[PDB]
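# Sharing the initial chains of the complex here, in place:
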Amino acid sequence: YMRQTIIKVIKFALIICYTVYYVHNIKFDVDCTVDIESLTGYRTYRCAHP
Amino acid sequence: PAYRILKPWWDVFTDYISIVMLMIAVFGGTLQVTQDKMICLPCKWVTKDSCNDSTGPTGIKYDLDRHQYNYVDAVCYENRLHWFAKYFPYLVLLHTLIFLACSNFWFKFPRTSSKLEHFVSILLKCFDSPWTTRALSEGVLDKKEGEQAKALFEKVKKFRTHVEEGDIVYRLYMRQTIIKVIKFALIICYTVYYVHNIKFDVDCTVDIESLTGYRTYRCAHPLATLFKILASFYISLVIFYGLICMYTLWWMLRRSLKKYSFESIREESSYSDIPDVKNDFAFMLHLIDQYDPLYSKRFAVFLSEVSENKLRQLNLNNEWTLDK
Amino acid sequence: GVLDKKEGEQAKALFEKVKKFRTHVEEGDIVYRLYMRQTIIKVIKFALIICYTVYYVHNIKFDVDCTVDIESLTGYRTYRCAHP
Amino acid sequence: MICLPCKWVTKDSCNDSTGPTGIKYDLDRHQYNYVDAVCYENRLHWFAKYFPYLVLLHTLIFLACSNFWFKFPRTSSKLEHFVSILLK
């Protein structure tokens, strides 16, 4: 029971750290420069992640 | 549980009709959410906001994009499709929920539910009592059966003192039946009067000329005839739900259900001291008779003081045996 | 022979229950009539179903020639529809 | 329905008359959808459109007929009585 609680709290800490750090990367407007000019004709695009 | 004996044939029929109407509501709601749309084509030649309706045949070019078509469809679905053809399944769902609540209100309302549970429990234990078989057969008695019969007799007296003064169950059932026929009349009127507005061809004039280029459009509502079928089927079921309910009203007003006479039972069986019961006791025994009259018979022996005296005498023979 | 007392009274009470159930049920024939009516309805329904279903099964065709007079909206009068 | 117009007609009937090239009808996607809807509603036979619903109705009535005496209280009470006494 002690090991289960300790794992459940250390994983809690890791989850909070990595989730809070990367939560700002969920953006609506995203610029992509993917270099597919030979297939599309354009290099840069402005996507909207719904 | 064991409330099936408290539900006569009309209640079972109305419950099954409510299940079928709920199926109609779910099917229509799924169709209206998923595939309900309009396919609107602009009228090229207009005559005062009305379609003029005028070498091989070649297609008419409207110059609209796919999204202009979608915008026209959405606008002529919101503004010109009749409200019945749009909110029919939700109205059906609301009506079914109100019907089910009315049918099952007294099973949830505490004052009536307690009395119904008490009645069904004592009647089941009385019908399954061996003392009923022994008395209707008219000294051998099992001891545990002995004080079981005595305690059940005392419980019957308790129940008669506890339920017979009031008529809340009868009044609640009357009000439920009255609501279930008033609502049926309103449903039939407003559904028959508005079913004809579910059409396949809809002419819409929405004034989106600044965004599309046309004012009047001719639209096809594909899921309309099916909605004309389901509604008709619904109007069938509600009519049945009406007629059955009306019979229930007749069954509750042809005679007084707050007075039950055991005249036939004391006519056939020996115990002629069996009295007549009133109020919720009478109404619930009438409901029991609608399921199986024998359930009343095996109950009646538990309402008699002569049977109480016979049970007391035989029990007194039993526990005070000759040896002690 | 040997007889547990509970078994004996249960046998006698079930004999009397047989008599009571007999005089309760033998008077009427509601169950038989209901079963008769159910079978009759189920056979006449089968007759109607086989009739109208065999008669109209030929109308389920893949290719349907439709003529709907929407020439003022489409420009064509007759179309050749496929029903997948 | 997937309805293509008949270019060659003869009194409301399809006339049916180097490399091949596609026939151009000059119809939008939405005109095609409207034609499908109208010919499905008016010219597809009612059996081909409502066969499963008729089958569902017929099965529901068949199952109601088969299980009516088990649900009708007058017969259900007697059947439960007989089953109980026979099993005991």
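Looks like it arrived, so ask away. Numbering: from 1, shown residues only, chains lettered A, B, ... in the order given.

# what's the neighbour count on residue A:29?
Burial measure for residue A:29: 8 neighbouring residues, criterion other C-beta atoms under 10 Å in any protein chain shown. Placement of C-beta: from N, CA and C, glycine included.

# how much space between it and residue A:23?
Spatial separation of residue A:29 from residue A:23 under the definition C-beta to C-beta, to the nearest Å is 16 Å.

# Also residue A:4?
Counting by C-beta to C-beta, the gap from residue A:4 to residue A:23 is 27 Å.

# nearest spatial neighbour of the closest residue to chain D within chain A, skipping sequence neighbours?
Here chain A gets closest to chain D at one residue, residue A:50, 23.7 Å apart by C-beta to the nearest C-beta. Using C-beta to C-beta, 6 or more residues apart in numbering or on different chains and skipping residues adjacent in sequence, the residue nearest residue A:50 is residue A:28, 7.9 Å away.

# Quick check: that neighbour touching residue A:49?
Yes - between residue A:28 and residue A:49 there is a contact at 5.8 Å, judged by C-beta atoms under 8 Å.

# where do the helices sit along chain A?
Shown for chain A, the helices assigned by DSSP state H span residues A:2-22.

# Residue A:32 touches residue A:47, doesn't it?
Yes - counting by C-beta under 8 Å, residue A:32 does reach residue A:47; the two are 5.7 Å apart.

# Specify the beta-bridge partners of residue A:47.
Taking DSSP bridges, one finds residue A:30 as the beta-bridge partners of residue A:47.

# contacting residues for it?
Contacts for residue A:47 were tallied using C-beta atoms under 8 Å, 6 or more residues apart in numbering or on different chains; they are A:29, A:30, A:31, A:32.

# sequence below should go in as chain E:
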Amino acid sequence: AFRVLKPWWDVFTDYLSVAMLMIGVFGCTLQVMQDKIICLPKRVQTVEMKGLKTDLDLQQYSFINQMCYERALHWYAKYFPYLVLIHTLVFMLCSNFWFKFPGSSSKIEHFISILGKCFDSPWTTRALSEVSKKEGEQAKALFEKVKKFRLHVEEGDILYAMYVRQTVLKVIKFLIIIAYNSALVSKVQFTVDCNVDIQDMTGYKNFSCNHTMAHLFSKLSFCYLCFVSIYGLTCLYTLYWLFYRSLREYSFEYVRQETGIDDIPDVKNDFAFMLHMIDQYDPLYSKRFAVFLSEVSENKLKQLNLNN
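Chain E goes in next, on the same frame as the chains above:
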């Protein structure tokens, strides 16, 4: 079985919570739909009418749709079902808070258990017949149990305060929900004017959009408002029943008039509140319990057993 302590208001609020949960789930399922808003640009470049060629691809139209859905559609019209889900979860959690507390549940079970022991005891109707062998011993044992209950539950007042707390929480949540939903129900509109600055991507700056299920969300919001209004009226009646008369005290004076026993005292606090609860359920239970509460009746039972 705690159903004997659920009055009509509690059952009604539970069913309203179930209905509101159904509304929220249906709204979320409607929100699942991909086609949400449809936008056409403004000022695009017998009478034969011709269509306006907006000169836009399908991807440009979809981009305009999502841009105007994110930046022009009101947040209420996009997140109303989720708010309904959260509110109905709070209502369901805070409607059973009196029942599911650790110390309260044991008292509730003890009260209903010994009250059922009363309602099935022969000594109750025997005691009414007194007023108007083995069963005597069971009567004496149940009487000791009744005294144990008196010394066990009557001291505290956790049940009444906890029920008052949950009722007040229901009332304030209802008030907040009604206020903000009635304020923001006017924002669920079919026609929306979107003015996102995507002239560089599409060519246009002003768009007229239609929210396809704005009518459905408006009807759902009005139905949820009606359900919450009924819920709040029920909770206000619960508050009125809680505070119009002192539920911290219960007078057995009605039994004092009916039953000839006058030694029957007036219990208080949690005893009083649960007696009021079972009176809402069934008034016979308290009247039958009173003949077991009094101790001069216990002396009469002791004398009867002594003579027997």
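
# let's see the neighbour count of residue A:29 again after adding chain E.
Other residues close to residue A:29 by other C-beta under 10 Å number 11.

# got a list of what the spatially closest residue to it that is not a sequence neighbour touches?
Ranked by C-beta to C-beta, 6+ apart and with sequence neighbours excluded, the top spatial neighbour of residue A:29 is residue A:48, at 6.1 Å. Residues in contact with residue A:48 (C-beta under 8 Å, 6+ apart) are A:28, A:29, A:30, E:63, E:66, E:67, E:70.

# Out of those, who's the most crowded?
For the contacts of residue A:48, the largest neighbour count, defined by other C-beta under 10 Å, is 24 neighbours, found at residue E:67.

# list the contacts for that residue?
Taking C-beta under 8 Å, 6+ apart as the definition of contact, the neighbours of residue E:67 are A:48, E:194, E:196, E:198.

# In strands only, show me those.
A:48, E:194 (DSSP state E).

# Out of the contacts of residue E:67, who's the most crowded?
Most crowded among those, counting by other C-beta under 10 Å, is residue E:194 at 23 neighbours.

# Flag every residue of the stretch 1-150 of chain E that's near chain A.
Proximity of the stretch 1-150 of chain E to chain A, by C-beta under 8 Å from any C-beta of the partner chain, involves residues E:63, E:66, E:67, E:69, E:70.

# My guess is the first one contacts residue E:201. True?
Yes - the pair residue E:63 and residue E:201 passes the contact test of C-beta under 8 Å, sitting 6.5 Å apart.

# Without its sequence neighbours, what residue ends up closest to the residue of the stretch 1-150 of chain E found nearest chain B?
As assessed by C-beta to the nearest C-beta, chain B sits closest to residue E:51 within the stretch 1-150 of chain E, at 3.6 Å. Leaving out its chain neighbours, the residue that sits closest to residue E:51 by C-beta to C-beta, 6+ apart is residue B:63, at 3.6 Å.

# Kind regards, and thank you for your time.
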